[PDB]
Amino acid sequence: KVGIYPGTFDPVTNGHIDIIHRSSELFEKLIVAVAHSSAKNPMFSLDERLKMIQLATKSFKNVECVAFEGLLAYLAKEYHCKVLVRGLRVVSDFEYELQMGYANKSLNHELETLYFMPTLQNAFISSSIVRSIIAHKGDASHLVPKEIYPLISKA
């Protein structure tokens, strides 16, 4: 297991370290990939950004930081890596995250949540949306597994 966490890291922040900390728990090796990002006109040089994130990550023993110019998917290929890591710039899922907090000190503890972004097709599918279609005797056949469609709709 290799995971890759790519970014510009101009400079590395506590948010980045948090994601590195959390994701490095999941792979045998986490590669932190520092993109040149010449187009972004970064404040700090590629060498400085690499060295800084190296300095800030040396406590994570299974983390290796590497600089690259571009072609992230080919960098992934070189590492035999099929899994990338990204931080969200959106906060959502508030009720769930509230329940997780409570757990994370008095109940179970230290539970991580991994988020999966829906495919474009699937973003417009939810159980609620399907139930509404069912209620209005509409066609939900394109929205649910074929194994269950006969059990929830007819004629």
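Start at 1 with the first residue shown and count on from there.
Task: 129-137 set against 10-18, stretch whose average Cα temperature factor tops the other in the entry - done: Higher of the two, by average CA B-factor, is 129-137.
Task: 103-111 versus 24-32 - greater average Cα B-factor per the deposited record - done: Looking at the recorded C-alpha B-factors, 103-111 comes out higher on average.
Open item on the list: Just to confirm, going by the entry's C-alpha B-factors, which of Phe94, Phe116, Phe68, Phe44 comes out highest?
Closed with: Highest C-alpha B-factor among the listed options: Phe94.
Open item on the list: How does the C-alpha B factor of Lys61 compare with the rest of the chain: lowest, middle or highest third?
Closed with: Highest third of the chain for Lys61's C-alpha B-factor.
- [ ] Tell me, lowest, middle or highest third: where does the Cα B factor of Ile148 rank within its chain?
- [x] According to the entry, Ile148 has a C-alpha B-factor in the chain's middle third.
Open item on the list: For the chain shown, is the CA B-factor of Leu88 in the lowest, middle or highest third of its modelled residues?
Closed with: Lowest third of the chain for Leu88's C-alpha B-factor.
- [ ] Taking the chain's C-alpha temperature factors as the reference, tell me which third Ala123 falls into: lowest, middle or highest.
- [x] Its C-alpha B-factor belongs to the middle third of this chain's values.
- [ ] Taking the values exactly as deposited, rank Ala39 by C-alpha B-factor within its chain and report the matching third: lowest, middle or highest.
- [x] As the PDB entry reports it, the C-alpha B-factor of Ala39 lands in the highest third of its chain.
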